[PDB]
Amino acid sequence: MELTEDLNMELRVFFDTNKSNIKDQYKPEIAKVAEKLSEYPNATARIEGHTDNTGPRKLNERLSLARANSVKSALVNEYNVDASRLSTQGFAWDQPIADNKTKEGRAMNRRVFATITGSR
């Protein structure tokens, strides 16, 4: 008898204009991610940050990455997760998921999407 369990998770964190801090409402989901990273010790996370299309290019490139790093930082510093298991990358505004022509649209683009994959 042989068996495997595969873990697949997606975490979505949203940010306010110019901010890269993790809102308190997202703490429970980050805690769950940490829990599963312990349950599946070989799991890794691909954290990708984004920004809306407003402002200078240099600002958003740094801001998108800062947002991804904030998520990684929470896992590393608050949950004892090894940093090497978490990759971070910023895409500025090059990958929107909503329309930047609207208030709510831009709100959706200011985000960090993290994909966690593992097996045991």
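So that the term is clear: the rigid core is the largest set of C-alpha atoms that superpose within 1.5 Å between two forms. Numbers for residues come from their place in the sequence shown, where the first is 1.
Superposing the other copies on the rigid core and comparing 110-118 to 2-10, farther C-alpha placement in 5 other deposited structures of this protein marks 2-10. For the pair 93-101 and 13-21, the mean Cα B-factor is higher in 93-101. Higher mean CA temperature factor between 83-91 and 56-64: 56-64, per the PDB entry. In this PDB entry, the Cα temperature factor of residue 1 sits in the top third of its chain's modelled residues, the highest group.
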